[PDB]
Amino acid sequence: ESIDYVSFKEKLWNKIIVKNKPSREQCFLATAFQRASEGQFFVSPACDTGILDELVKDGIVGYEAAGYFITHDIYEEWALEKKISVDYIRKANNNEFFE
Amino acid sequence: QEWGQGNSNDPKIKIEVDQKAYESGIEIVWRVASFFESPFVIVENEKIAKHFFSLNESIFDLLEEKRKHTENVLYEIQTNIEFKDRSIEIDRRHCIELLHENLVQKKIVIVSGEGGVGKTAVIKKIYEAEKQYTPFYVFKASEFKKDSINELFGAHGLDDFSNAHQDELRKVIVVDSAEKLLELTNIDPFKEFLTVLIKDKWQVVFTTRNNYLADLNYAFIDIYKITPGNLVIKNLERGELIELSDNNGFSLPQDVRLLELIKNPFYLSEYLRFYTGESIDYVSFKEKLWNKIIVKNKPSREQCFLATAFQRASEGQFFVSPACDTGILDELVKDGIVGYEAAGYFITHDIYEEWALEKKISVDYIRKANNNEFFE
Amino acid sequence: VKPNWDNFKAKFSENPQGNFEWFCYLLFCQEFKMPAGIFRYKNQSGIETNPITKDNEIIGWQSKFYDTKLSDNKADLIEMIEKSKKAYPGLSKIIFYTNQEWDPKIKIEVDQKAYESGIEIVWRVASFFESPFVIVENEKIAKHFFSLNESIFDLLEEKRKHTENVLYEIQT
Ligand SMILES: Nc1ncnc2c1ncn2[C@@H]1O[C@H](COP(=O)(O)OP(=O)(O)OP(=O)(O)O)[C@@H](O)[C@H]1O
Ligand SMILES: [Mg+2]
């Protein structure tokens with residue numbers, strides 16, 4: 001009488017966002033964090049050649065002349081949680097992590 | 001041939017041979033040239049008749065061409081290591097029996113593991129046990145770069161080749177190095193290939209590295225509604241390598257980081273290529289591995305690898321984000337030298353990281369203005 | 001497919017008579033259910049093969065490809081009828097195939113020669129090849145003789161099976 005939620009989100013992240021390119025995953029994580037950090041709705045990220053245009057043709061990311069934005073709120077939440085996990089793995093101490 | 005008109009109209013030689021047949025207790029049924037002109041030969045059995053009456057290629061010729069291809073593909077594959085006039089084999093009979101069992105219970109099997117571990121040699125040992133009794137064909141994943149799948153089968157189609165085996169219950173196709181399918185810009189011919197094979201009830205085997213494993217499992221479960229069998233092949237354990245060393249008569253290296261390398265059968269095969277007088281010619285081994293594995297023929301590969309190793313050693317970090325040229329880390333990940341995870345990139349073997357730092361020190365020594373600047 | 005004798009004459013210009021005979025042999029074997037063929041002597045006289053037997057009636061066949069109307073050819077038919085009974089005394093029926101068309105007088109004359117011989121003649125003139133027995137039932141045989149580009153009908157099978165392969169993936 002319930003869904004297996006961790007399996008659902010794992011299949012969706014790998015199939016829709018990553019596909020099979022490491023550059024796509026690094027691009028999407030950077031894009032979500034810059035919005036959450038600067039407070040801006042539209043951003044212009046630093047990325048490898050063609051990755052943002054490819055994400056726009058997938059419909060995952062949207063574009064207007066002011067910059068790029070993320071189409072679905074659920075995917076932006078998943079991205080922020082994964083970025084926190086990465087910084088937890090790479091820390092020297094707790095005070096650095098919270099900075 | 002045909003008889004000439006002289007049954008009441010028969011010529012004398014025919015009634016003489018017919019008389020001797022009867023006197024021996026036998027009836028003869030005569031099938032002269034007008035038999036081969038009839039619907040039984042010409043319309044019903046046209047695929048057989050075309051072999052003998054035509055100078056064009058035929059279905060027998062197609063099966064011959066594909067068998068030749070299978071023998072050519074497996075020629076280079078090595079199944080043992082040869083050393084001081086003696087042959088060394090790792091026992092694989094457990095894995096081979098598991099594969100025979102899976103093919104009875106299930107339609108599709110995936111064989112998986114890291115590079116150089118022996119996935120294709122197992123397939124070679126299956127083939128040598130079955131080539132006479134059963135249809136068995138091997139295709140490289142490189143071959144599906146075509147506009148149409150029928151380009152692989154000459155003037156015949158895929159459906160013709162499949163129909164030639166319709167009376168066989170056991171029949172196998174192997175797709176080899178499946179992770180190279182990620183290099184194709186058009187995947188539509190391969191999907192049609194699988195659709196025909198699933199409909200006609202072939203058994204199918206894949207060999208793959210670990211990066212493409214989930215994609216294969218998803219595709220069979222989502223589209224064709226099949227749960228495939230999975231098998232994993234691994235490097236040696238330390239006790240197994242000790243017994244190899246004792247039984248076959250070679251001494252193991254003293255360096256812990258080299259001992260971790262030769263647990264993989266490809267690298268053990270290289271180690272025993274430079275061995276003489278109960279020691280190894282270490283300089284030649286080092287030179288061959290650096291130039292053939294890491295550099296190949298690109299300067300940009302060597303520059304990227306040196307920068308990655310030094311960044312790890314400088315920052316005190318296992319995972320890093322290197323500032324490489326725009327496609328080189330992906331090429332090194334496909335080679336299996338560099339690894340990737342969501343936290344960053346890392347280096348797979350320790351011995352290569354030591355060698356990288358030593359070359360970096362040599363370069364900084366060549367370029368220095370004075371000794372204090374070098375140590376800084 | 002549709003009957004076209006210009007296509008036939010363009011395809012089989014090195015030997016028209018010999019290919020028309022084979023077209024009739026295949027249709028005869030289909031009509032009288034003799035799928036493994038019939039015995040035949042070299043330079044066989046009167047009729048094209050040895051006779052068959054069915055419900056106590058004995059039957060043979062003959063074919064002719066002509067540029068003339070049949071009225072010009074009466075002597076061949078009289079010769080056919082007389083030369084057959086000389087060789088196969090019990091013969092009851094002959095079936096005759098041709099690309100031509102003729103009720104007219106000459107048919108009555110040749111029928112009388114057959115009648116006095118006691119032999120029945122059945123005529124398969126050009127309108128026979130307009131029949132659905134040729135065109136619709138035995139279509140695979142008819143396609144060989146009347147089509148300039150018979151391989152086009154394989155292409156119309158290849159695209160059809162391609163379409164079935166494409167839609168197998170789709171879930172409703
Ligand atoms: N049973 C065995 N005993 C000893 N050495 C073996 C054995 N099987 C394989 N090897 C060695 O391992 C090497 C690599 O084998 P193989 O080509 O099958 O690897 P693989 O797993 O298919 O690799 P790849 O992923 O690169 O295609 C062989 O060239 C041979 O030297
Ligand atoms: Mg291999």
# chains A, B, ... in the order shown; residues from 1 in each chain; ligands from 1
$ residues_around --residues "region 57-62 of chain A" --least-positions-apart "2" --cutoff "12 Å" --atoms "only C-alpha atoms" --output "PyMOL selection string"
chain A and resi 13+15-19+24+27-28+31-32+41-44+50-55+64-76
$ residues_around --residues "residue 138 (chain C)" --least-positions-apart "4" --cutoff "10 Å" --atoms "only C-alpha atoms" --output "PyMOL selection string"
chain C and resi 26-27+30+132-134+142-143
$ write_last_selection --atoms "N, CA, C and O atoms" --output "compact mmCIF listing (two decimals), in the first residue's frame"
# COMPACT_ATOMS: atom_id res chain seq x y z
N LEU C 26 2.90 -25.30 -65.09
CA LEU C 26 2.66 -24.97 -63.68
C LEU C 26 1.18 -24.78 -63.39
O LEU C 26 0.67 -25.27 -62.36
N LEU C 27 0.44 -24.10 -64.28
CA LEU C 27 -0.99 -23.92 -64.03
C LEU C 27 -1.76 -25.24 -64.11
O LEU C 27 -2.73 -25.44 -63.36
N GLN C 30 -1.20 -27.09 -60.87
CA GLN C 30 -2.03 -26.52 -59.82
C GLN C 30 -3.50 -26.92 -59.97
O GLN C 30 -4.17 -27.20 -58.97
N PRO C 132 -9.62 -14.78 -62.08
CA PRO C 132 -9.02 -14.75 -60.73
C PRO C 132 -8.30 -16.04 -60.33
O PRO C 132 -7.52 -16.00 -59.38
N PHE C 133 -8.53 -17.17 -61.01
CA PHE C 133 -7.72 -18.35 -60.75
C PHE C 133 -6.25 -18.10 -61.10
O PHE C 133 -5.35 -18.57 -60.40
N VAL C 134 -6.01 -17.36 -62.18
CA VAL C 134 -4.65 -16.97 -62.51
C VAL C 134 -4.22 -15.77 -61.67
O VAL C 134 -3.17 -15.79 -61.02
N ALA C 142 1.83 -15.85 -61.50
CA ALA C 142 1.50 -14.86 -62.51
C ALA C 142 2.46 -13.68 -62.48
O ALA C 142 2.72 -13.04 -63.51
N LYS C 143 2.97 -13.36 -61.29
CA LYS C 143 3.85 -12.20 -61.13
C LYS C 143 5.17 -12.39 -61.86
O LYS C 143 5.77 -11.41 -62.32
$ closest_residue --among "B:174, B:62, B:184, B:252" --to "residue 279 (chain B)" --atoms "only C-alpha atoms"
B:252
$ select_by_dssp --residues "region 64-96 of chain C" --states "strand (DSSP E or B)" --output "ChimeraX atom specification"
/C:64,93-96
$ write_last_selection --atoms "C-alpha atoms" --output "PDB file, in the first residue's frame"
ATOM      1  CA  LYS C  64       0.641 -22.705 -78.549  1.00  0.00           C
ATOM      2  CA  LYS C  93      -9.768 -35.106 -73.254  1.00  0.00           C
ATOM      3  CA  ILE C  94      -7.210 -32.504 -74.372  1.00  0.00           C
ATOM      4  CA  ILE C  95      -6.936 -29.018 -72.812  1.00  0.00           C
ATOM      5  CA  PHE C  96      -5.552 -26.336 -75.161  1.00  0.00           C
TER       6      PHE C  96
END
$ interface_residues --of "chain C" --to "chain B" --cutoff "12 Å" --atoms "only C-alpha atoms" --output "PDB file with C-alpha atoms, in the first residue's frame"
ATOM      1  CA  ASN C  19       8.535 -20.062 -71.541  1.00  0.00           C
ATOM      2  CA  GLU C  21       4.870 -23.897 -72.201  1.00  0.00           C
ATOM      3  CA  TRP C  22       6.279 -23.726 -68.637  1.00  0.00           C
ATOM      4  CA  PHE C  23       3.629 -21.194 -67.562  1.00  0.00           C
ATOM      5  CA  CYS C  24       0.962 -23.667 -68.716  1.00  0.00           C
ATOM      6  CA  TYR C  25       2.683 -26.693 -67.081  1.00  0.00           C
ATOM      7  CA  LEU C  26       2.664 -24.971 -63.679  1.00  0.00           C
ATOM      8  CA  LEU C  27      -0.989 -23.919 -64.031  1.00  0.00           C
ATOM      9  CA  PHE C  28      -1.994 -27.459 -65.103  1.00  0.00           C
ATOM     10  CA  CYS C  29      -0.232 -28.979 -62.094  1.00  0.00           C
ATOM     11  CA  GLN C  30      -2.033 -26.516 -59.819  1.00  0.00           C
ATOM     12  CA  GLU C  31      -5.443 -27.195 -61.415  1.00  0.00           C
ATOM     13  CA  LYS C  33      -3.205 -31.237 -57.974  1.00  0.00           C
ATOM     14  CA  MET C  34      -0.026 -32.884 -59.300  1.00  0.00           C
ATOM     15  CA  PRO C  35       2.549 -30.962 -57.233  1.00  0.00           C
ATOM     16  CA  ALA C  36       5.537 -33.214 -58.030  1.00  0.00           C
ATOM     17  CA  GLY C  37       5.082 -33.078 -61.795  1.00  0.00           C
ATOM     18  CA  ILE C  38       4.491 -35.561 -64.614  1.00  0.00           C
ATOM     19  CA  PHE C  39       6.676 -37.898 -66.715  1.00  0.00           C
ATOM     20  CA  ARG C  40       7.803 -36.614 -70.130  1.00  0.00           C
ATOM     21  CA  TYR C  41       9.749 -38.142 -73.033  1.00  0.00           C
ATOM     22  CA  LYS C  42      12.303 -36.252 -75.115  1.00  0.00           C
ATOM     23  CA  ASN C  43      10.631 -34.862 -78.295  1.00  0.00           C
ATOM     24  CA  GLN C  44       7.234 -36.122 -77.081  1.00  0.00           C
ATOM     25  CA  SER C  45       4.507 -36.288 -79.738  1.00  0.00           C
ATOM     26  CA  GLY C  46       0.932 -35.000 -79.828  1.00  0.00           C
ATOM     27  CA  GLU C  48       3.119 -32.048 -73.943  1.00  0.00           C
ATOM     28  CA  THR C  49       3.461 -34.806 -71.294  1.00  0.00           C
ATOM     29  CA  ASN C  50       2.097 -38.272 -70.500  1.00  0.00           C
ATOM     30  CA  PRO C  51      -1.622 -38.247 -69.566  1.00  0.00           C
ATOM     31  CA  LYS C  86      -1.783 -42.563 -82.735  1.00  0.00           C
ATOM     32  CA  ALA C  87       0.393 -42.591 -79.614  1.00  0.00           C
ATOM     33  CA  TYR C  88      -1.968 -42.763 -76.604  1.00  0.00           C
ATOM     34  CA  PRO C  89      -4.986 -44.855 -77.652  1.00  0.00           C
ATOM     35  CA  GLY C  90      -7.233 -44.460 -74.593  1.00  0.00           C
ATOM     36  CA  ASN C 138      -1.945 -18.197 -58.292  1.00  0.00           C
ATOM     37  CA  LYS C 140       2.945 -15.668 -57.191  1.00  0.00           C
ATOM     38  CA  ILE C 141       3.211 -17.583 -60.470  1.00  0.00           C
ATOM     39  CA  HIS C 144       6.842 -13.957 -62.754  1.00  0.00           C
ATOM     40  CA  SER C 151      11.576  -7.560 -56.990  1.00  0.00           C
ATOM     41  CA  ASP C 154       9.729  -7.751 -51.902  1.00  0.00           C
ATOM     42  CA  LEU C 155      10.188  -4.062 -51.001  1.00  0.00           C
ATOM     43  CA  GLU C 157       7.030  -6.677 -47.712  1.00  0.00           C
ATOM     44  CA  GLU C 158      10.156  -5.182 -46.135  1.00  0.00           C
ATOM     45  CA  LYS C 159       8.515  -1.854 -45.294  1.00  0.00           C
ATOM     46  CA  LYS C 161       7.556  -5.760 -41.436  1.00  0.00           C
ATOM     47  CA  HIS C 162       9.595  -2.648 -40.520  1.00  0.00           C
ATOM     48  CA  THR C 163       6.351  -0.965 -39.493  1.00  0.00           C
ATOM     49  CA  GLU C 164       5.433  -3.921 -37.294  1.00  0.00           C
ATOM     50  CA  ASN C 165       8.889  -3.817 -35.641  1.00  0.00           C
ATOM     51  CA  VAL C 166       8.653  -0.089 -34.849  1.00  0.00           C
ATOM     52  CA  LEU C 167       5.277  -0.246 -33.082  1.00  0.00           C
ATOM     53  CA  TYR C 168       6.161  -3.282 -30.916  1.00  0.00           C
ATOM     54  CA  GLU C 169       8.012  -1.007 -28.474  1.00  0.00           C
ATOM     55  CA  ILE C 170       5.020   1.275 -27.824  1.00  0.00           C
ATOM     56  CA  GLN C 171       2.854   0.736 -24.709  1.00  0.00           C
TER      57      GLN C 171
END
$ select_by_dssp --residues "region 27-247 of chain B" --states "helix (DSSP H, G or I)" --output "PyMOL selection string"
chain B and resi 33-35+39-44+46-53+59-73+93-105+119-127+141-144+149-153+158-163+178-183+188-199+210-222+238-247
$ write_last_selection --atoms "C-alpha atoms" --output "CSV table (one decimal), in the first residue's frame"
chain,number,residue,atom,x,y,z
B,33,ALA,CA,14.2,-33.6,-65.9
B,34,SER,CA,10.4,-32.7,-65.8
B,35,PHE,CA,10.5,-33.3,-62.0
B,39,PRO,CA,5.9,-26.7,-58.2
B,40,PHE,CA,7.4,-28.9,-55.5
B,41,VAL,CA,11.0,-28.1,-56.5
B,42,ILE,CA,10.5,-24.6,-57.9
B,43,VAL,CA,7.8,-22.9,-55.7
B,44,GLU,CA,7.8,-24.8,-52.4
B,46,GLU,CA,12.9,-22.3,-53.9
B,47,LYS,CA,15.6,-21.5,-51.3
B,48,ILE,CA,17.3,-24.8,-51.8
B,49,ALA,CA,16.9,-24.8,-55.6
B,50,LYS,CA,18.5,-21.3,-55.9
B,51,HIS,CA,21.8,-22.6,-54.5
B,52,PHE,CA,22.2,-25.1,-57.4
B,53,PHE,CA,20.6,-23.3,-60.4
B,59,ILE,CA,21.2,-18.6,-47.8
B,60,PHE,CA,23.9,-21.3,-47.4
B,61,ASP,CA,26.5,-18.8,-48.4
B,62,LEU,CA,25.2,-16.3,-45.8
B,63,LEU,CA,25.5,-18.8,-43.0
B,64,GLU,CA,29.0,-19.6,-44.1
B,65,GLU,CA,30.0,-15.9,-44.1
B,66,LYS,CA,28.8,-15.4,-40.6
B,67,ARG,CA,30.5,-18.6,-39.3
B,68,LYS,CA,33.8,-17.3,-40.7
B,69,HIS,CA,33.2,-13.9,-39.0
B,70,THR,CA,32.8,-15.7,-35.6
B,71,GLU,CA,36.0,-17.6,-36.0
B,72,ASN,CA,37.9,-14.4,-36.9
B,73,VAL,CA,36.6,-12.4,-34.0
B,93,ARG,CA,34.6,-24.0,-14.3
B,94,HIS,CA,32.3,-22.6,-11.6
B,95,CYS,CA,31.5,-19.6,-13.7
B,96,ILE,CA,31.0,-21.7,-16.9
B,97,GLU,CA,28.5,-24.0,-15.1
B,98,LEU,CA,26.6,-21.0,-13.8
B,99,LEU,CA,26.4,-19.7,-17.4
B,100,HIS,CA,25.1,-23.0,-18.7
B,101,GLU,CA,22.5,-23.1,-15.9
B,102,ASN,CA,21.3,-19.5,-16.5
B,103,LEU,CA,20.7,-20.1,-20.2
B,104,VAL,CA,18.3,-22.9,-19.4
B,105,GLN,CA,16.3,-20.9,-16.9
B,119,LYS,CA,35.0,-11.9,-19.6
B,120,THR,CA,35.7,-12.8,-23.3
B,121,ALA,CA,37.9,-15.8,-22.5
B,122,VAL,CA,34.9,-17.4,-20.7
B,123,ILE,CA,32.9,-17.0,-23.9
B,124,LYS,CA,35.7,-18.6,-25.9
B,125,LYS,CA,35.6,-21.6,-23.6
B,126,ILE,CA,31.8,-21.9,-24.0
B,127,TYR,CA,32.1,-21.7,-27.8
B,141,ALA,CA,29.2,-3.7,-30.6
B,142,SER,CA,31.1,-1.6,-33.1
B,143,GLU,CA,29.2,-3.2,-36.0
B,144,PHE,CA,25.8,-1.5,-35.4
B,149,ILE,CA,20.2,-3.4,-39.7
B,150,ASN,CA,19.8,-5.2,-43.1
B,151,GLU,CA,23.2,-3.9,-44.1
B,152,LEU,CA,24.8,-6.6,-42.0
B,153,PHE,CA,23.3,-9.4,-44.0
B,158,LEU,CA,17.7,-10.1,-40.8
B,159,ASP,CA,14.4,-11.9,-41.1
B,160,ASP,CA,15.9,-14.3,-43.7
B,161,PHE,CA,18.9,-15.1,-41.4
B,162,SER,CA,16.5,-15.7,-38.5
B,163,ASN,CA,14.2,-17.9,-40.5
B,178,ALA,CA,28.3,-3.7,-25.0
B,179,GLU,CA,29.4,-0.5,-23.2
B,180,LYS,CA,30.7,0.7,-26.6
B,181,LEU,CA,27.0,1.1,-27.7
B,182,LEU,CA,27.2,4.5,-25.8
B,183,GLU,CA,29.4,5.7,-28.6
B,188,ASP,CA,17.6,2.6,-33.9
B,189,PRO,CA,19.2,-0.3,-35.8
B,190,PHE,CA,20.2,-2.1,-32.6
B,191,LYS,CA,16.7,-1.8,-31.2
B,192,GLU,CA,15.2,-3.4,-34.3
B,193,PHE,CA,17.9,-6.2,-34.0
B,194,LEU,CA,16.7,-7.0,-30.4
B,195,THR,CA,13.0,-6.9,-31.4
B,196,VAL,CA,13.4,-9.6,-34.1
B,197,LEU,CA,15.6,-11.8,-31.8
B,198,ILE,CA,13.1,-11.6,-28.9
B,199,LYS,CA,10.1,-12.4,-31.2
B,210,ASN,CA,30.2,-1.8,-14.9
B,211,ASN,CA,29.2,1.6,-16.2
B,212,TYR,CA,26.5,0.4,-18.6
B,213,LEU,CA,25.0,-2.3,-16.4
B,214,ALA,CA,21.9,-0.5,-15.1
B,215,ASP,CA,20.9,0.8,-18.5
B,216,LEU,CA,20.8,-2.8,-19.9
B,217,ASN,CA,18.7,-4.0,-16.9
B,218,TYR,CA,16.3,-1.1,-17.3
B,219,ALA,CA,15.8,-1.6,-21.0
B,220,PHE,CA,14.9,-5.3,-20.7
B,221,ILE,CA,12.5,-4.7,-17.7
B,222,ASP,CA,10.7,-1.6,-19.1
B,238,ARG,CA,45.9,-13.0,-2.1
B,239,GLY,CA,45.7,-16.7,-1.2
B,240,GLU,CA,44.9,-17.6,-4.8
B,241,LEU,CA,47.9,-15.6,-6.1
B,242,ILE,CA,50.1,-17.3,-3.5
B,243,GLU,CA,49.1,-20.7,-4.7
B,244,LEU,CA,49.6,-19.7,-8.3
B,245,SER,CA,53.1,-18.5,-7.4
B,246,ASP,CA,54.0,-21.7,-5.5
B,247,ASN,CA,52.5,-24.2,-7.9
$ residues_near_ligand --ligand "ligand 2" --cutoff "9 Å" --atoms "only C-alpha atoms and all ligand atoms" --output "ChimeraX atom specification"
/B:77,115-121,176-177,207-208
$ write_last_selection --atoms "N, CA and C atoms" --output "PDB file, in the first residue's frame"
ATOM      1  N   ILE B  77      41.787 -13.716 -28.876  1.00  0.00           N
ATOM      2  CA  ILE B  77      41.491 -13.843 -27.452  1.00  0.00           C
ATOM      3  C   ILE B  77      42.346 -14.940 -26.829  1.00  0.00           C
ATOM      4  N   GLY B 115      37.754  -4.159 -16.467  1.00  0.00           N
ATOM      5  CA  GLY B 115      38.506  -4.471 -17.666  1.00  0.00           C
ATOM      6  C   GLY B 115      39.660  -5.422 -17.409  1.00  0.00           C
ATOM      7  N   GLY B 116      39.940  -6.255 -18.409  1.00  0.00           N
ATOM      8  CA  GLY B 116      41.057  -7.176 -18.355  1.00  0.00           C
ATOM      9  C   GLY B 116      40.864  -8.364 -17.449  1.00  0.00           C
ATOM     10  N   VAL B 117      39.645  -8.590 -16.968  1.00  0.00           N
ATOM     11  CA  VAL B 117      39.424  -9.602 -15.944  1.00  0.00           C
ATOM     12  C   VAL B 117      39.117 -10.985 -16.519  1.00  0.00           C
ATOM     13  N   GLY B 118      38.789 -11.084 -17.799  1.00  0.00           N
ATOM     14  CA  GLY B 118      38.596 -12.357 -18.452  1.00  0.00           C
ATOM     15  C   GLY B 118      37.205 -12.662 -18.980  1.00  0.00           C
ATOM     16  N   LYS B 119      36.374 -11.643 -19.233  1.00  0.00           N
ATOM     17  CA  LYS B 119      34.988 -11.872 -19.641  1.00  0.00           C
ATOM     18  C   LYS B 119      34.891 -12.554 -21.008  1.00  0.00           C
ATOM     19  N   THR B 120      35.750 -12.180 -21.953  1.00  0.00           N
ATOM     20  CA  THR B 120      35.686 -12.769 -23.289  1.00  0.00           C
ATOM     21  C   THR B 120      36.284 -14.174 -23.346  1.00  0.00           C
ATOM     22  N   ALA B 121      37.271 -14.469 -22.497  1.00  0.00           N
ATOM     23  CA  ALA B 121      37.884 -15.794 -22.501  1.00  0.00           C
ATOM     24  C   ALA B 121      36.900 -16.872 -22.059  1.00  0.00           C
ATOM     25  N   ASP B 176      29.307  -8.382 -27.876  1.00  0.00           N
ATOM     26  CA  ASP B 176      30.557  -8.280 -27.133  1.00  0.00           C
ATOM     27  C   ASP B 176      30.995  -6.825 -26.987  1.00  0.00           C
ATOM     28  N   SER B 177      31.413  -6.460 -25.760  1.00  0.00           N
ATOM     29  CA  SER B 177      31.789  -5.095 -25.349  1.00  0.00           C
ATOM     30  C   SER B 177      30.610  -4.132 -25.482  1.00  0.00           C
ATOM     31  N   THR B 207      28.471  -9.134 -22.851  1.00  0.00           N
ATOM     32  CA  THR B 207      29.635  -8.819 -22.025  1.00  0.00           C
ATOM     33  C   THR B 207      29.752  -7.306 -21.904  1.00  0.00           C
ATOM     34  N   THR B 208      29.961  -6.822 -20.684  1.00  0.00           N
ATOM     35  CA  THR B 208      29.935  -5.390 -20.436  1.00  0.00           C
ATOM     36  C   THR B 208      30.819  -5.036 -19.250  1.00  0.00           C
TER      37      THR B 208
END
